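K.L.:
Sharing a structure with you now.
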Amino acid sequence: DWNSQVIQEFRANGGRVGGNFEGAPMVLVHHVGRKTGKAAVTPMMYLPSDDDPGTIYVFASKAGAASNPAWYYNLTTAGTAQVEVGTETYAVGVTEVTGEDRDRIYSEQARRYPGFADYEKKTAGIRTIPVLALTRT
C-alpha cells in the first residue's frame, strides 16, 4: 500500500525514492514466500560492491527489530531473485556474507547511514543483521 506507493515512486523516478530513502541507492527485490509461495516486491536500500561490478549488498535490518524480515528467508531459500535497480530489471544469484566480511560491508553502510549502527545496537545479543550479496546474472 505504502509499499505500493514507494514502488510507483521508484519506477517514476529512475529508481529513486524520497522521504527516508532520499538520495539512497534503492532496489526493488522480487521474492517469493518460502512457505506461501506468493510473490512480493520489497523496496530497500542497497550498498554497491566496492570490488565487483554487478554485485549489490542488502541488509536484513528490519529497523533493528527482534526478528529477521521474511524477505531474508525467502531469498536465501530460493538462492536467486529478480531485482529492479536504476532503470534496469535483472536476475540475481543470492549468497549470504558472514564473518569479518559482513562486518566490513555493514560498517560502510553504517558509516553512510548511521541509523544502521543504531539497528545493530538494538539487536545486540538477539540477532546479527544479515547481509546478502545480490549478484547480477
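Chain lettering (A, B, ...) mirrors the order of the C-alpha cells, residue numbering begins at 1 for each chain separately, and ligand numbering begins at 1 in order of display.
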Could you write out, as a PyMOL selection string, all the residues of chain A that DSSP marks as strand (DSSP E or B)?
P.N.:
chain A and resi 26-32+39-45+47-48+55-59+80-85+88-97+131-136
K.L.:
With C-alpha atoms retained, write the just-selected residues as a short mmCIF file (atom, residue, chain, number, x, y, z; two decimals), in the first residue's frame.
P.N.:
```cif
data_model
loop_
_atom_site.label_atom_id
_atom_site.label_comp_id
_atom_site.auth_asym_id
_atom_site.auth_seq_id
_atom_site.Cartn_x
_atom_site.Cartn_y
_atom_site.Cartn_z
CA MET A 26 17.40 1.70 -3.97
CA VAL A 27 16.49 -1.74 -5.10
CA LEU A 28 13.07 -3.40 -5.54
CA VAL A 29 13.58 -7.04 -4.60
CA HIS A 30 11.14 -9.55 -6.06
CA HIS A 31 10.93 -12.53 -3.74
CA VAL A 32 8.65 -15.45 -3.08
CA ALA A 39 5.42 -13.29 -4.97
CA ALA A 40 6.16 -9.95 -3.24
CA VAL A 41 8.21 -6.89 -4.14
CA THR A 42 10.03 -5.10 -1.30
CA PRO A 43 11.89 -1.81 -1.82
CA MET A 44 15.01 -1.27 0.28
CA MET A 45 18.40 0.43 0.26
CA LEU A 47 25.21 -0.68 -0.90
CA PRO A 48 27.09 -1.21 -4.11
CA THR A 55 27.11 -7.14 -7.11
CA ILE A 56 24.99 -5.17 -4.55
CA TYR A 57 24.60 -5.81 -0.82
CA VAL A 58 21.26 -5.66 1.01
CA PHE A 59 20.77 -5.57 4.79
CA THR A 80 18.03 -16.47 -6.85
CA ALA A 81 15.73 -13.47 -7.37
CA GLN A 82 14.83 -10.65 -9.71
CA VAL A 83 15.52 -7.03 -8.83
CA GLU A 84 14.96 -3.54 -10.22
CA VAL A 85 18.00 -1.26 -9.81
CA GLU A 88 17.01 -1.96 -15.03
CA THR A 89 15.48 -5.34 -14.07
CA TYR A 90 17.65 -8.41 -13.96
CA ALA A 91 18.11 -11.83 -12.39
CA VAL A 92 20.44 -12.27 -9.38
CA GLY A 93 22.24 -15.07 -7.51
CA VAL A 94 21.91 -14.76 -3.71
CA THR A 95 24.76 -15.53 -1.22
CA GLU A 96 24.99 -14.54 2.46
CA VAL A 97 28.04 -12.58 3.59
CA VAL A 131 23.94 -9.05 4.83
CA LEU A 132 23.16 -10.63 1.45
CA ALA A 133 25.06 -10.24 -1.83
CA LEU A 134 22.84 -9.95 -4.92
CA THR A 135 24.96 -10.77 -7.97
CA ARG A 136 23.76 -9.99 -11.48
#
```
K.L.:
List every residue of chain A that DSSP, applied to the backbone of this structure, places in helix (DSSP H, G or I), and write the result as a PyMOL selection string.
P.N.:
chain A and resi 2-12+19-21+62-64+70-78+99-112+115-122
K.L.:
Go ahead and write the selection's residues with N, CA and C atoms as a tab-separated table (two decimals), in the first residue's frame.
P.N.:
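Output file again.tsv is given in full below:
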```
chain	number	residue	atom	x	y	z
A	2	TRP	N	1.39	1.55	1.19
A	2	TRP	CA	2.62	2.29	1.30
A	2	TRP	C	3.63	1.62	0.33
A	3	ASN	N	3.89	0.33	0.56
A	3	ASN	CA	4.80	-0.47	-0.26
A	3	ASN	C	4.56	-0.20	-1.74
A	4	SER	N	3.29	-0.27	-2.13
A	4	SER	CA	2.86	0.11	-3.46
A	4	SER	C	3.28	1.53	-3.91
A	5	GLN	N	3.23	2.52	-3.02
A	5	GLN	CA	3.49	3.93	-3.43
A	5	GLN	C	4.99	4.15	-3.61
A	6	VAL	N	5.77	3.50	-2.74
A	6	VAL	CA	7.24	3.53	-2.82
A	6	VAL	C	7.65	2.88	-4.15
A	7	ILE	N	7.03	1.75	-4.49
A	7	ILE	CA	7.30	1.13	-5.79
A	7	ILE	C	6.89	2.02	-6.99
A	8	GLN	N	5.69	2.62	-6.95
A	8	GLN	CA	5.37	3.53	-8.09
A	8	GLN	C	6.36	4.69	-8.17
A	9	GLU	N	6.78	5.16	-7.01
A	9	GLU	CA	7.66	6.31	-7.00
A	9	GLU	C	9.05	5.92	-7.58
A	10	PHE	N	9.60	4.82	-7.10
A	10	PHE	CA	10.83	4.24	-7.65
A	10	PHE	C	10.82	4.20	-9.19
A	11	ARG	N	9.76	3.64	-9.74
A	11	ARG	CA	9.63	3.40	-11.15
A	11	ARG	C	9.38	4.67	-11.96
A	12	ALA	N	8.82	5.71	-11.31
A	12	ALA	CA	8.61	7.00	-11.95
A	12	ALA	C	9.87	7.85	-11.93
A	19	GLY	N	11.53	10.92	0.77
A	19	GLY	CA	11.28	10.60	2.18
A	19	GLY	C	12.54	10.05	2.81
A	20	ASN	N	12.40	9.02	3.66
A	20	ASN	CA	13.53	8.37	4.34
A	20	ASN	C	14.53	7.77	3.43
A	21	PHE	N	14.20	7.68	2.15
A	21	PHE	CA	15.07	6.97	1.22
A	21	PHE	C	15.75	7.96	0.32
A	62	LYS	N	15.38	-4.69	9.08
A	62	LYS	CA	14.02	-4.59	9.63
A	62	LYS	C	13.96	-3.57	10.80
A	63	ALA	N	14.62	-2.44	10.60
A	63	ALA	CA	14.68	-1.33	11.56
A	63	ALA	C	15.10	-1.81	12.96
A	64	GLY	N	15.94	-2.83	13.02
A	64	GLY	CA	16.50	-3.20	14.33
A	64	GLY	C	15.46	-3.94	15.20
A	70	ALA	N	10.87	-11.37	6.54
A	70	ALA	CA	10.50	-12.51	5.77
A	70	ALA	C	11.32	-12.54	4.48
A	71	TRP	N	11.56	-11.40	3.82
A	71	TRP	CA	12.31	-11.46	2.54
A	71	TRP	C	13.71	-12.16	2.62
A	72	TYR	N	14.35	-12.05	3.78
A	72	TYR	CA	15.66	-12.62	4.02
A	72	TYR	C	15.58	-14.13	3.81
A	73	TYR	N	14.62	-14.81	4.47
A	73	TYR	CA	14.46	-16.27	4.37
A	73	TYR	C	14.01	-16.61	2.96
A	74	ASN	N	13.16	-15.75	2.39
A	74	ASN	CA	12.67	-16.02	1.02
A	74	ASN	C	13.84	-16.06	0.03
A	75	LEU	N	14.72	-15.06	0.11
A	75	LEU	CA	15.87	-15.01	-0.81
A	75	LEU	C	16.88	-16.16	-0.63
A	76	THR	N	17.28	-16.45	0.62
A	76	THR	CA	18.31	-17.44	0.87
A	76	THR	C	17.74	-18.84	0.60
A	77	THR	N	16.41	-18.98	0.71
A	77	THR	CA	15.77	-20.23	0.35
A	77	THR	C	15.76	-20.43	-1.17
A	78	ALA	N	15.41	-19.41	-1.92
A	78	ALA	CA	15.37	-19.60	-3.36
A	78	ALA	C	16.79	-19.62	-3.99
A	99	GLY	N	31.01	-13.34	8.84
A	99	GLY	CA	32.35	-13.09	9.42
A	99	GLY	C	32.78	-11.64	9.28
A	100	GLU	N	34.09	-11.43	9.22
A	100	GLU	CA	34.70	-10.10	9.10
A	100	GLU	C	34.24	-9.40	7.81
A	101	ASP	N	34.07	-10.14	6.71
A	101	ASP	CA	33.47	-9.53	5.50
A	101	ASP	C	32.08	-8.86	5.71
A	102	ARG	N	31.18	-9.51	6.42
A	102	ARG	CA	29.90	-8.93	6.78
A	102	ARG	C	30.12	-7.60	7.54
A	103	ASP	N	30.95	-7.68	8.56
A	103	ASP	CA	31.26	-6.57	9.43
A	103	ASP	C	31.79	-5.39	8.62
A	104	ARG	N	32.65	-5.66	7.64
A	104	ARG	CA	33.18	-4.58	6.91
A	104	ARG	C	32.14	-3.92	6.03
A	105	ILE	N	31.29	-4.71	5.37
A	105	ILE	CA	30.27	-4.13	4.49
A	105	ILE	C	29.21	-3.41	5.37
A	106	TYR	N	28.81	-4.04	6.48
A	106	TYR	CA	27.91	-3.37	7.38
A	106	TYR	C	28.54	-2.07	7.89
A	107	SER	N	29.83	-2.07	8.27
A	107	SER	CA	30.43	-0.80	8.74
A	107	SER	C	30.38	0.30	7.72
A	108	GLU	N	30.56	0.00	6.44
A	108	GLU	CA	30.50	1.05	5.38
A	108	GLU	C	29.07	1.57	5.27
A	109	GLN	N	28.11	0.66	5.30
A	109	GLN	CA	26.72	1.11	5.26
A	109	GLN	C	26.38	2.03	6.45
A	110	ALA	N	26.80	1.61	7.65
A	110	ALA	CA	26.55	2.40	8.88
A	110	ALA	C	27.30	3.73	8.90
A	111	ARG	N	28.44	3.77	8.22
A	111	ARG	CA	29.20	4.99	8.04
A	111	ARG	C	28.40	6.00	7.21
A	112	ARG	N	27.76	5.53	6.14
A	112	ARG	CA	26.97	6.36	5.24
A	112	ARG	C	25.63	6.70	5.85
A	115	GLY	N	22.01	5.51	11.21
A	115	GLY	CA	20.85	4.73	11.69
A	115	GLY	C	21.11	3.20	11.70
A	116	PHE	N	21.91	2.74	10.73
A	116	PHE	CA	22.26	1.31	10.69
A	116	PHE	C	23.06	0.87	11.95
A	117	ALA	N	23.86	1.78	12.52
A	117	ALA	CA	24.59	1.46	13.74
A	117	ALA	C	23.60	1.35	14.91
A	118	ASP	N	22.54	2.15	14.88
A	118	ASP	CA	21.52	2.01	15.93
A	118	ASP	C	20.82	0.66	15.78
A	119	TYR	N	20.54	0.20	14.54
A	119	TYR	CA	19.85	-1.10	14.42
A	119	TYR	C	20.68	-2.18	15.07
A	120	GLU	N	22.00	-2.09	14.88
A	120	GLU	CA	22.82	-3.13	15.40
A	120	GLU	C	22.88	-3.05	16.95
A	121	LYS	N	22.81	-1.83	17.52
A	121	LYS	CA	22.77	-1.75	18.98
A	121	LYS	C	21.46	-2.32	19.52
A	122	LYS	N	20.33	-2.01	18.90
A	122	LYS	CA	19.01	-2.66	19.18
A	122	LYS	C	18.97	-4.20	19.10
```
K.L.:
Restricting the calculation to only C-alpha atoms: of A:54, A:69, A:14, A:25, which residue gets closest to residue 129 of chain A?
P.N.:
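Closest residue, counting only C-alpha atoms: A:69.
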K.L.:
What is the distance, in Å and to one decimal place, between atom CA of residue 68 of chain A and atom CA of residue 113 of chain A?
P.N.:
19.6 Å
K.L.:
How far is it from atom CA of residue 18 of chain A to atom CA of residue 1 of chain A, in Å with one decimal?
P.N.:
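Value for the atom CA of residue 18 of chain A-atom CA of residue 1 of chain A distance: 16.2 Å.
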K.L.:
Between atom CA of residue 137 of chain A and atom CA of residue 50 of chain A, what is the spacing in Å?
P.N.:
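For atom CA of residue 50 of chain A relative to atom CA of residue 137 of chain A, the distance reads 17.9 Å.
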K.L.:
Looking at A:65, A:130, A:46, A:52, which one is nearest to residue 23 of chain A, with distances taken over only C-alpha atoms?
P.N.:
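Going through A:65, A:130, A:46, A:52 one by one, the smallest distance to residue 23 of chain A is for A:46.
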